[PDB]
Amino acid sequence: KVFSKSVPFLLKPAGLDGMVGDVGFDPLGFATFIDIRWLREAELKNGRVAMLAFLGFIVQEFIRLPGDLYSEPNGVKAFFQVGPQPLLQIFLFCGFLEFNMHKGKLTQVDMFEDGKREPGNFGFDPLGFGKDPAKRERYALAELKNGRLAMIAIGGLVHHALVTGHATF
Amino acid sequence: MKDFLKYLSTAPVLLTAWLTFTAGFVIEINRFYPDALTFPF
Amino acid sequence: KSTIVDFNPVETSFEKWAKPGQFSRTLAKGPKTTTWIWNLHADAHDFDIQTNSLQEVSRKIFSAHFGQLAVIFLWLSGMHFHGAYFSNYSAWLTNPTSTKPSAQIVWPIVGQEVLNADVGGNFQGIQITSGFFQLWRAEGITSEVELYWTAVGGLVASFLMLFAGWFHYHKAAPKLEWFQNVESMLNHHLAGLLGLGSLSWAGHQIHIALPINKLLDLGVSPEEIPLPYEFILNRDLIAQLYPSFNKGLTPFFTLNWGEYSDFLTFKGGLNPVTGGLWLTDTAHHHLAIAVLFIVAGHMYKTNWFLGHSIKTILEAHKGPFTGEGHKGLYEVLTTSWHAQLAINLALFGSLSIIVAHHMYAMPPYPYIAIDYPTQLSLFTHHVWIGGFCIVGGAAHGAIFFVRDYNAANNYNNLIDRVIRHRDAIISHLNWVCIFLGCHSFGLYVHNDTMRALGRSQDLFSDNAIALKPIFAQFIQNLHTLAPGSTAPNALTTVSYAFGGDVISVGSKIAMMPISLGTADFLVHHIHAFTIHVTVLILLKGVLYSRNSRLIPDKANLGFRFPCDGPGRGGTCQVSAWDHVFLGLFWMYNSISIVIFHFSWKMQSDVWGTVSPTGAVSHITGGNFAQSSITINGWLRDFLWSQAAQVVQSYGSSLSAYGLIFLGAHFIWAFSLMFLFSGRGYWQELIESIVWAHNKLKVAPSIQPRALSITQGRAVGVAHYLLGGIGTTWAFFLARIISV
Amino acid sequence: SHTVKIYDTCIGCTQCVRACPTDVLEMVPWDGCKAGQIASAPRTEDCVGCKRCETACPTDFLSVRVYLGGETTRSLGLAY
Amino acid sequence: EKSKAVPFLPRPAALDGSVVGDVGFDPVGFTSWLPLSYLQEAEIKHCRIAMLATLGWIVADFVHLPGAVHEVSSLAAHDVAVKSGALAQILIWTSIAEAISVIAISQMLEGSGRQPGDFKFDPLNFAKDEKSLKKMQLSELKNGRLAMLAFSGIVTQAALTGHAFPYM
Amino acid sequence: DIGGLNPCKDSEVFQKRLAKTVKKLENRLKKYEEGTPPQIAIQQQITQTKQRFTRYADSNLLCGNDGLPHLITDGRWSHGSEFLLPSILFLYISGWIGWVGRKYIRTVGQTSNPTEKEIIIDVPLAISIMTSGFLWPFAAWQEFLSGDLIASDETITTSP
Ligand code: CLA
Ligand code: CLA
Ligand code: CLA
Ligand code: CLA
Ligand SMILES: CC(/C=C/C=C(C)/C=C/[C@@]12O[C@]1(C)C[C@@H](O)CC2(C)C)=C\C=C\C=C(C)\C=C\C=C(C)\C=C\[C@@]12O[C@]1(C)C[C@@H](O)CC2(C)C
Ligand SMILES: CC(/C=C/C=C(C)/C=C/[C@@]12O[C@]1(C)C[C@@H](O)CC2(C)C)=C\C=C\C=C(C)\C=C\C=C(C)\C=C\[C@@]12O[C@]1(C)C[C@@H](O)CC2(C)C
Ligand SMILES: CC1=C(C/C=C(\C)CCC[C@H](C)CCC[C@H](C)CCCC(C)C)C(=O)c2ccccc2C1=O
Ligand code: SF4
């Protein structure tokens with residue numbers, strides 16, 4: 001028996017072999033009954049959204065926009081003060097982005113049905129970082145780790161605002 | 001735990017779990033926002 | 001390698017949990033139509049068709065009994081836990097006559113918190129009609145901590161019974177010879193179970209319930225009453241209430257049992273303080289029952305040259321009119337579980353009905369006679385359980401006749417001779433049923449039409465043509481004269497229902513002489529007629545379960561089959577199951593009439609309030625005597641009149657009873673769709689629905705089929721019973737809680 | 001008496017004949033199927049209409065068909 | 001035959017010699033109908049939990065964390081900690097650890113090779129070869145049993161008599 | 001206004017109903033003692049009743065002559081939160097349920113044992129299909145266009 005590298009008292013999970021964040025961490029075996037490509041796509045998207053949202057917290061409490069609506073240093077209270085109209089526009093824009101970036105196939109059964117789709121690979125690289133394949137793997141691992149850390153931190157900041165109410169500081 | 005998970009995948013257990021979860025979130029919506037006669041918006 | 005058990009017969013594995021229908025040879029292949037799903041549950045406990053060995057069936061039955069007892073223990077633990085945590089038992093103890101027992105509080109969701117009623121004692125909740133508070137008080141339980149510990153013990157016992165079932169199916173399963181030791185089983189169930197349970201309960205009553213309840217009746221608050229264990233460690237806390245414990249057990253071993261007359265009395269009547277039976281009388285009763293049952297347990301020969309053989313007893317009881325007599329009955333009852341189930345279920349339902357009668361007749365718990373909802377609920381529930389169990393006993397007798405009956409082994413015995421003249425039995429029972437129905441009901445209809453025609457002197461009433469139940473009144477007179485004449489050591493009659501004084505607790509009547517007039521004559525004959533018709537249906541099912549003039553090979557079609565075909569003019573419902581279906585309907589009718597008679601008679605001529613000068617005013621006002629003799633009277637002065645509380649319960653704490661009233665009406669009417677219709681129409685409608693699904697590519701692989709004819713009948717009867725019983729349940733509960 | 005008809009979809013599996021409770025059906029030689037036999041109904045006067053014959057028929061929509069008709073003490077199953 | 005612990009009782013027939021802390025003590029034959037690895041895991045879990053619990057009870061009756069909520073005796077600390085939510089955090093993280101334990105014990109029972117109670121948690125070494133590991137396993141088992149009995153006595157005495165650290 | 005109804009904010013009978021309910025609840029509250037849980041529960045009932053009546057008053061709700069909110073479901077967007085928005089919400093949810101059920105039926109209908117996978121659900125595949133129902137309006141008007149939504153003549157028909 002091999003046993004996992006992360007959880008040393010557990011057997012090595014299956015389906016994670018050719019990935020860019022494999023430390024053998026899957027005690028519940030989510031990769032066995034869920035497609036690993038979909039799981040990586042979801043992890044990357046959740047991580048990127050969490051990173052953007054954490055940066056949004058830190059900037060919102062600091063900078064903010066001119067106007068009476070955009071005057072709440074607290075993100076949770078800003079979600080309510082801003083009203084539904086600005087939020088629904090963000091929702092529709094995110095939907096438009098989702099549709100055009102995945103080119104129609106948006107669901108768990110439709111995406112990766114034909115393969116030829118690296119999980120999380122939207123081809124988005126205008127600044128050109130990533131031409132060298134040597135640093136590409138390191139960049140992918142850094143993105144994954146930062147995304148996970150940002151998921152934890154996004155939960156932390158949101159719940160700090162809920163239990164205190166003032167801000168993050 | 002290979003056949004136990006298959007037993008939990010049977011129609012009665014899955015229907016009971018799904019209906020319990022469904023009644024649960026319905027009851028909790030009606031607890032946190034009670035007496036909702038019209039759409040909140 | 002024990003001689004009674006087999007070790008590790010079945011492996012404890014989850015593999016068969018993932019293969020539904022593995023027990024059945026036909027269902028194991030997997031579902032092809034939706035009929036497979038229904039067949040899966042209809043054959044789950046039919047262990048006879050799952051194995052060909054009586055040993056395996058017996059082991060499955062034994063483990064199923066353990067599972068059932070674990071379920072019962074869990075239910076009891078839940079009841080005690082609710083009494084401990086979600087009840088006003090402590091408040092009810094200090095004010096039994098003014099606080100309504102409640103042991104279930106309702107969460108505040110969707111406005112349902114209105115169900116939390118003003119039961120009293122600074123408590124809100126649902127009023128409890130199961131009488132647990134009175135039972136706990138009779139047990140001497142004076143604190144909710146004791147209820148919590150009883151609940152914990154119940155949980156432990158339930159786990160123990162679950163473990164016992166698992167152990168005796170998978171680790172050490174008894175052999176067939178162990179199960180067939182009916183002599184040993186009877187000896188143990190009679191001495192150990194019954195007698196030693198009575199003895200242990202007598203000990204508990206004498207040492208815990210007798211002193212604690214005596215202190216409670218004396219006015220001592222539950223907080224200053226000593227803890228129950230102190231009544232055992234200290235022979236002076238109990239010797240003050242009963243000054244006979246000072247002599248210890250010496251009077252018992254010296255045969256001077258007269259010294260124990262302090263706490264082993266024979267009084268009769270009711271306790272004037274609580275309205276229940278004297279707990280000293282109860283303890284003496286349980287002691288006598290224990291001795292009698294222990295003696296009765298030393299009857300059958302088990303392992304020594306001592307006792308009786310049931311085979312030799314039965315085989316010696318022949319006669320000129322009965323041929324071989326009881327020869328072969330021992331083989332029938334030791335090789336067929338269905339025959340044992342028939343006898344046990346019939347006698348068990350009859351026992352439940354007898355219990356229901358003796359409950360209200362002689363209230364055995366403190367402050368339970370003045371809790372009218374508890375009395376009504378207990379009587380109705382126990383009578384319903386008795387009727388259901390009796391129908392089940394008839395059903396399993398029919399099942400035994402179809403399946404486990406061997407013609408060769410029963411040559412010219414009682415079973416054979418009964419089948420040989422089944423025609424005579426059924427024809428005479430038919431004539432008796434027609435006679436009884438004609439008379440009882442047509443006397444009712446004659447009263448109704450005489451009243452409708454303005455001829456009040458032509459009725460079958462007391463102020464008219466009178467049918468006095470003289471035989472029952474003679475018995476009532478004999479019982480009220482028994483103390484001092486035939487029961488010379490009695491101080492009071494067994495029940496005040498036979499006659500005597502009005503017993504009131506807190507201005508509420510506990511018991512009172514139940515007068516019998518022409519109204520009781522008619523309703524008693526209605527009871528006899530309904531019981532006779534139910535017996536007719538069930539006995540026709542049992543006797544004609546194997547063959548008939550219509551179908552000479554009905555036994556080859558099994559116990560459960562819809563018909564033999566449209567031929568012979570139509571052979572619907574010829575089974576024996578279709579007789580347990582019709583008998584279920586008629587049992588519902590009979591029990592409904594019985595509980596209606598009880599409710600109206602008690603409310604009109606027993607229950608009520610007593611004025612300080614001794615004037616008795618009842619709940620309804622004595623309208624039973626003159627208005628229960630016509631069907632219009634039953635419709636108006638009982639149904640319409642006492643349904644006022646149910647229909648006016650909306651917005652109050654009894655609104656749940658109105659909702660259940662309406663829902664039970666809905667379910668009862670829903671049943672008629674299955675009872676009146678047939679399978680072909682529903683199959684052909686499912687055909688068009690399946691066409692639509694196929695048109696939308698959503699037709700299930702498991703082909704949807706309409707419920708089988710037998711299952712359609714079963715669904716119809718189940719819904720009918722549920723709706724009717726629920727309607728009566730809501731009506732009774734709302735009416736008797738409001739007033 | 002009821003009417004019983006046999007149709008050439010008969011596969012000669014004999015399940016109808018051995019299910020008749022009143023000896024109405026019988027197997028007769030034939031050349032329209034592999035078994036070389038076809039059911040016949042030469043004693044329909046004893047037909048009771050119980051339709052056990054077509055409950056045992058394996059062919060798609062039956063090869064033995066029972067049409068209920070005039071009633072008789074034999075067809076009504078009257079022992080009296 | 002003739003188990004070491006109870007010399008007049010037969011050997012439990014499931015504990016020959018190949019388990020740490022195996023003196024053949026199973027008079028009521030718990031090992032005759034339950035897996036040995038399952039019972040070993042349960043015993044080791046109890047040992048560790050009760051060792052932590054005894055140390056915490058004794059220490060918290062001496063040293064208190066800053067704050068008014070932490071100014072109660074260990075006997076009354078349960079109702080205070082549950083109200084403040086202190087025990088909720090322990091419950092959450094213990095539940096996470098116990099779900100991972102569900103996975104681990106399932107894998108151990110269905111093959112794998114993980115010894116009962118072996119989570120491979122060993123930042124320091126403290127056990128370099130087989131002999132040291134066996135000796136330290138025996139020490140852990142004996143200390144855990146002693147601490148289970150000690151916590152039992154501590155709780156029973158403290159509940160009987162509401163005394164401070166000397167629960168006499 | 002619409003249909004002769006009037007807003008509940010100006011309906012006297014509505015306020016009479018509120019006052020009567022509050023008075024009944026307070027009378028019930030009078031028979032308990034101090035800050036005991038029954039009094040807390042009755043006070044919560046009173047607070048919830050007042051909040052519900054206030055919300056119904058300030059909700060563009062039309063009340064009849066009985067002082068009860070009447071629903072205007074003719075289709076006008078003015079009273080669109082009474083029927084139209086809940087109608088859209090239910091249509092979305094029910095279309096989701098039907099779509100995931102149909103997709104699961106068609107997916108396990110092409111396996112070796114289609115009937116087995118209906119009493120014993122393939123929970124991985126079931127979860128995969130169920131979370132994909134958020135696009136059911138788009139999936140339906142992408143399968144109907146391709147002719148994959150409707151069968152044509154393989155469907156069975158009775159004799160006549
Ligand atoms: C004095 C001895 C004794 C006692 C007390 C019992 C008691 C019982 N037997 Mg039993 N039995 C005995 C001897 C005894 N039996 C013998 C010698 C045989 C062999 C012929 C059988 C064969 C037998 C069968 C085949 C069945 C029973 C069943 C039952 C139960 C009937 C259900 C009932 O009334 O609920 C009353 C319930 C209670 C009062 C609960 C407390 C009872 C507990 C469990 C004590 C049981 C005593 C037990 C025999 C002690 C053995 C302990 C074990 C470690 C050896 C009841 C618990 C039936 C049953 O329900 O199966 C489980 C059943 O199907 N018995
Ligand atoms: C000690 C009691 C007892 C026992 C051990 C049995 C045991 C048995 N009976 Mg039996 N029976 C009993 C009492 C009993 N019965 C009673 C009292 C009746 C009269 C109604 C019957 C009537 C009866 C018939 C008519 C038949 C049996 C059959 C059987 C056998 C198969 C049972 C099965 O698979 O059902 C599995 C269990 C179910 C299918 C459960 C069905 C659910 C029920 C009907 C509804 C319960 C509703 C419940 C009250 C909750 C409603 C509340 C609502 C709000 C939801 C089995 C040997 C059958 C057989 O073939 O025997 C060989 C058969 O045809 N019995
Ligand atoms: C109100 C409806 C109703 C009535 C009146 C009856 C009546 C009867 N049923 Mg029942 N039954 C009913 C509903 C009813 N049933 C339902 C819903 C079911 C479904 C489960 C059944 C299922 C059922 C079974 C399975 C059996 C019966 C049997 C009987 C008969 C018992 C013998 C008897 O009393 O005959 C006497 C007749 C009456 C009491 C009816 C009223 C007669 C009046 C009062 C006296 C005579 C009037 C006079 C002749 C009128 C002449 C004037 C006229 C010509 C103008 C009796 C005919 C049993 C049977 O066959 O009989 C033994 C039997 O086995 N019934
Ligand atoms: C079974 C384990 C256990 C449990 C349930 C508790 C529970 C409690 N302790 Mg406690 N404690 C423990 C072990 C335990 N302790 C140990 C081993 C020590 C010695 C360091 C202490 C020292 C201690 C002090 C000094 C105080 C408490 C206090 C308290 C109470 C509230 C605050 C709190 O949770 O402690 C906070 C706990 C600490 C600050 C130290 C805990 C150190 C841990 C147990 C050692 C490392 C283990 C590791 C983290 C395990 C990982 C778990 C895994 C699932 C991830 C609460 C009743 C406080 C109180 O109210 O006293 C009445 C208080 O002042 N404890
Ligand atoms: C921090 C955390 C996890 C941190 C892990 C980190 C950062 C490391 C992550 C990574 O290394 C991995 C793993 C793998 C790498 O590939 C990726 C990176 C990213 C490198 C979880 C916190 C988890 C935090 C949790 C669970 C907090 C729960 C708090 C609760 C429940 C509070 C409740 C109360 O506040 C209320 C509600 C009311 C009050 O009155 C009472 C109380 C009880 C106090
Ligand atoms: C609990 C949690 C993470 C828990 C992580 C744990 C335990 C990790 C444990 C480990 O790492 C360690 C310790 C060590 C590792 O080696 C092993 C593991 C085991 C992996 C994240 C919560 C994460 C929680 C999150 C992200 C919640 C975000 C909430 C948002 C955005 C809410 C928005 C709103 O609330 C507003 C603002 C207004 C409302 O009215 C409307 C809405 C919209 C609802
Ligand atoms: C409607 C009907 C059907 C069709 C009924 C069917 C197909 C039953 C469908 C049951 C569904 C599929 C499951 C049950 C759904 C309920 C909502 C669950 C019960 C409610 C719980 C609270 C118990 C018959 O097959 C039939 C046969 C013979 C005589 C009469 C009838 C008859 O009336
Ligand atoms: S279907 Fe109904 S009617 Fe036709 S035979 Fe069977 S039972 Fe008699």
# chains A, B, ... in the order shown; residues from 1 in each chain; ligands from 1
>>> interface_residues(of="chain C", to="chain B", cutoff="7 Å", atoms="only C-alpha atoms", output="list in words")
residues 14, 15, 17, 18, 109 and 110 of chain C
>>> interface_residues(of="chain D", to="chain C", cutoff="12 Å", atoms="only C-alpha atoms", output="ChimeraX atom specification")
/D:1-3,19-22,46-55,66-80
>>> write_last_selection(atoms="C-alpha atoms", output="PDB file, in the first residue's frame")
ATOM      1  CA  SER D   1     -72.944 -21.649 -22.885  1.00  0.00           C
ATOM      2  CA  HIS D   2     -69.848 -19.501 -23.333  1.00  0.00           C
ATOM      3  CA  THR D   3     -67.882 -19.360 -26.583  1.00  0.00           C
ATOM      4  CA  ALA D  19     -55.356 -25.089 -16.663  1.00  0.00           C
ATOM      5  CA  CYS D  20     -58.990 -25.712 -17.647  1.00  0.00           C
ATOM      6  CA  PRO D  21     -60.909 -26.776 -14.504  1.00  0.00           C
ATOM      7  CA  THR D  22     -63.821 -28.346 -16.439  1.00  0.00           C
ATOM      8  CA  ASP D  46     -68.776 -27.385 -19.780  1.00  0.00           C
ATOM      9  CA  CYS D  47     -67.063 -23.993 -20.101  1.00  0.00           C
ATOM     10  CA  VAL D  48     -67.557 -22.030 -16.894  1.00  0.00           C
ATOM     11  CA  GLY D  49     -65.956 -18.750 -17.996  1.00  0.00           C
ATOM     12  CA  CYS D  50     -63.295 -18.656 -15.273  1.00  0.00           C
ATOM     13  CA  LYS D  51     -60.762 -17.640 -17.971  1.00  0.00           C
ATOM     14  CA  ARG D  52     -57.941 -19.663 -16.413  1.00  0.00           C
ATOM     15  CA  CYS D  53     -57.269 -20.807 -19.979  1.00  0.00           C
ATOM     16  CA  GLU D  54     -56.163 -17.373 -21.172  1.00  0.00           C
ATOM     17  CA  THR D  55     -54.326 -16.538 -17.949  1.00  0.00           C
ATOM     18  CA  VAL D  66     -63.411 -16.788 -24.040  1.00  0.00           C
ATOM     19  CA  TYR D  67     -66.552 -14.847 -24.970  1.00  0.00           C
ATOM     20  CA  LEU D  68     -69.156 -14.988 -22.213  1.00  0.00           C
ATOM     21  CA  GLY D  69     -72.647 -15.716 -23.493  1.00  0.00           C
ATOM     22  CA  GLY D  70     -75.829 -17.454 -22.419  1.00  0.00           C
ATOM     23  CA  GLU D  71     -75.795 -18.938 -18.938  1.00  0.00           C
ATOM     24  CA  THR D  72     -76.472 -22.540 -17.953  1.00  0.00           C
ATOM     25  CA  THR D  73     -76.416 -24.471 -14.688  1.00  0.00           C
ATOM     26  CA  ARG D  74     -73.109 -25.925 -15.897  1.00  0.00           C
ATOM     27  CA  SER D  75     -71.711 -22.537 -16.944  1.00  0.00           C
ATOM     28  CA  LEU D  76     -72.936 -20.861 -13.740  1.00  0.00           C
ATOM     29  CA  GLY D  77     -71.097 -23.422 -11.598  1.00  0.00           C
ATOM     30  CA  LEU D  78     -74.261 -24.367  -9.711  1.00  0.00           C
ATOM     31  CA  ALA D  79     -73.906 -27.427  -7.495  1.00  0.00           C
ATOM     32  CA  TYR D  80     -77.613 -27.000  -6.677  1.00  0.00           C
TER      33      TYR D  80
END
>>> atom_distance(atom1="atom CA of residue 2 of chain E", atom2="atom CA of residue 133 of chain E")
28.0 Å
>>> residues_near_ligand(ligand="ligand 5", cutoff="7 Å", atoms="only C-alpha atoms and all ligand atoms", output="MDAnalysis selection string")
(chainID A and resid 21 145:146 148:149 152 163) or (chainID E and resid 84:86 88:89)
>>> residues_near_ligand(ligand="ligand 1", cutoff="9 Å", atoms="only C-alpha atoms and all ligand atoms", output="PyMOL selection string")
chain C and resi 58-59+61-69+73+157+160-161+164-165+174+177-194+196-197
>>> residues_near_ligand(ligand="ligand 7", cutoff="7 Å", atoms="only C-alpha atoms and all ligand atoms", output="PyMOL selection string")
chain C and resi 673-675+677-679+682-683+705-709+711-713
>>> write_last_selection(atoms="N, CA and C atoms", output="compact mmCIF listing (two decimals), in the first residue's frame")
# COMPACT_ATOMS: atom_id res chain seq x y z
N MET C 673 -62.56 5.75 -3.85
CA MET C 673 -62.02 5.61 -5.20
C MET C 673 -61.46 4.22 -5.43
N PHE C 674 -60.71 3.70 -4.46
CA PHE C 674 -60.15 2.36 -4.60
C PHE C 674 -61.21 1.29 -4.36
N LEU C 675 -62.16 1.55 -3.46
CA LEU C 675 -63.15 0.52 -3.13
C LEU C 675 -64.18 0.35 -4.24
N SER C 677 -63.89 1.40 -7.66
CA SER C 677 -63.40 1.31 -9.02
C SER C 677 -62.70 -0.03 -9.25
N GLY C 678 -62.13 -0.18 -10.45
CA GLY C 678 -61.46 -1.41 -10.82
C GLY C 678 -60.14 -1.12 -11.52
N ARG C 679 -59.35 -2.18 -11.65
CA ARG C 679 -57.97 -2.04 -12.12
C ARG C 679 -57.88 -1.69 -13.60
N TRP C 682 -57.88 2.10 -14.51
CA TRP C 682 -56.66 2.80 -14.12
C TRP C 682 -55.48 2.37 -14.98
N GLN C 683 -55.43 1.09 -15.37
CA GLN C 683 -54.38 0.65 -16.28
C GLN C 683 -54.50 1.34 -17.63
N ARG C 705 -47.53 0.25 -13.53
CA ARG C 705 -48.73 -0.56 -13.60
C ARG C 705 -49.68 -0.17 -12.48
N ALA C 706 -50.98 -0.24 -12.77
CA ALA C 706 -51.98 0.03 -11.75
C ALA C 706 -51.88 -1.01 -10.64
N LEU C 707 -52.27 -0.60 -9.44
CA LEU C 707 -52.20 -1.50 -8.29
C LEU C 707 -53.03 -2.75 -8.54
N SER C 708 -52.49 -3.90 -8.14
CA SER C 708 -53.20 -5.16 -8.32
C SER C 708 -54.56 -5.11 -7.61
N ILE C 709 -55.44 -6.02 -8.03
CA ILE C 709 -56.80 -6.04 -7.49
C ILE C 709 -56.78 -6.17 -5.98
N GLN C 711 -54.26 -5.51 -3.98
CA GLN C 711 -53.68 -4.30 -3.40
C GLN C 711 -54.64 -3.12 -3.48
N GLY C 712 -55.44 -3.03 -4.55
CA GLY C 712 -56.46 -2.00 -4.59
C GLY C 712 -57.45 -2.13 -3.45
N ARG C 713 -57.89 -3.36 -3.18
CA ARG C 713 -58.78 -3.60 -2.05
C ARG C 713 -58.10 -3.26 -0.73
>>> residues_near_ligand(ligand="ligand 4", cutoff="9 Å", atoms="only C-alpha atoms and all ligand atoms", output="MDAnalysis selection string")
chainID E and resid 48:82 84:98
>>> residues_near_ligand(ligand="ligand 2", cutoff="9 Å", atoms="only C-alpha atoms and all ligand atoms", output="PyMOL selection string")
chain C and resi 38-49+61+64-65+337-338+341-342+344-345+349+385-396+399-400+403+559-560+576-581+583-584+710+714-715+718-719+722+726
>>> residues_around(residues="segment 29-46 of chain A", least_positions_apart="5", cutoff="6 Å", atoms="only C-alpha atoms", output="number ranges by chain")
A: 119-120; F: 124
>>> write_last_selection(atoms="C-alpha atoms", output="mmCIF file, in the first residue's frame")
data_model
loop_
_atom_site.group_PDB
_atom_site.id
_atom_site.type_symbol
_atom_site.label_atom_id
_atom_site.label_comp_id
_atom_site.auth_asym_id
_atom_site.auth_seq_id
_atom_site.Cartn_x
_atom_site.Cartn_y
_atom_site.Cartn_z
ATOM 1 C CA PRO A 119 -9.647 22.467 -16.206
ATOM 2 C CA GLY A 120 -9.512 26.189 -15.513
ATOM 3 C CA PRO F 124 -22.794 10.304 -8.388
#
>>> decode(residues="segment 15-28 of chain B", atoms="N, CA and C atoms", output="mmCIF file, in the first residue's frame")
data_model
loop_
_atom_site.group_PDB
_atom_site.id
_atom_site.type_symbol
_atom_site.label_atom_id
_atom_site.label_comp_id
_atom_site.auth_asym_id
_atom_site.auth_seq_id
_atom_site.Cartn_x
_atom_site.Cartn_y
_atom_site.Cartn_z
ATOM 1 N N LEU B 15 -35.123 9.039 -0.954
ATOM 2 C CA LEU B 15 -36.324 9.865 -0.920
ATOM 3 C C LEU B 15 -36.562 10.432 0.472
ATOM 4 N N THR B 16 -36.350 9.622 1.512
ATOM 5 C CA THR B 16 -36.515 10.108 2.876
ATOM 6 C C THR B 16 -35.523 11.217 3.185
ATOM 7 N N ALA B 17 -34.258 11.034 2.803
ATOM 8 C CA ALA B 17 -33.259 12.070 3.042
ATOM 9 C C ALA B 17 -33.591 13.344 2.276
ATOM 10 N N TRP B 18 -33.990 13.211 1.009
ATOM 11 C CA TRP B 18 -34.280 14.390 0.203
ATOM 12 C C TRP B 18 -35.510 15.124 0.717
ATOM 13 N N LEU B 19 -36.556 14.389 1.102
ATOM 14 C CA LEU B 19 -37.757 15.034 1.619
ATOM 15 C C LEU B 19 -37.513 15.642 2.994
ATOM 16 N N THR B 20 -36.688 14.997 3.821
ATOM 17 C CA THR B 20 -36.335 15.578 5.112
ATOM 18 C C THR B 20 -35.561 16.875 4.925
ATOM 19 N N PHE B 21 -34.587 16.877 4.011
ATOM 20 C CA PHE B 21 -33.847 18.096 3.700
ATOM 21 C C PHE B 21 -34.763 19.174 3.131
ATOM 22 N N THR B 22 -35.701 18.780 2.269
ATOM 23 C CA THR B 22 -36.598 19.739 1.633
ATOM 24 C C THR B 22 -37.524 20.384 2.654
ATOM 25 N N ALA B 23 -38.190 19.558 3.463
ATOM 26 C CA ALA B 23 -39.011 20.080 4.544
ATOM 27 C C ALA B 23 -38.177 20.922 5.493
ATOM 28 N N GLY B 24 -36.921 20.533 5.717
ATOM 29 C CA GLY B 24 -36.075 21.301 6.610
ATOM 30 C C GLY B 24 -35.827 22.710 6.112
ATOM 31 N N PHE B 25 -35.417 22.851 4.845
ATOM 32 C CA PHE B 25 -35.118 24.211 4.403
ATOM 33 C C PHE B 25 -36.395 25.018 4.200
ATOM 34 N N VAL B 26 -37.513 24.366 3.874
ATOM 35 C CA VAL B 26 -38.782 25.086 3.805
ATOM 36 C C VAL B 26 -39.178 25.614 5.183
ATOM 37 N N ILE B 27 -39.116 24.753 6.202
ATOM 38 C CA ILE B 27 -39.488 25.157 7.554
ATOM 39 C C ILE B 27 -38.563 26.254 8.057
ATOM 40 N N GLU B 28 -37.276 26.180 7.716
ATOM 41 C CA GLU B 28 -36.363 27.201 8.214
ATOM 42 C C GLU B 28 -36.520 28.529 7.482
#
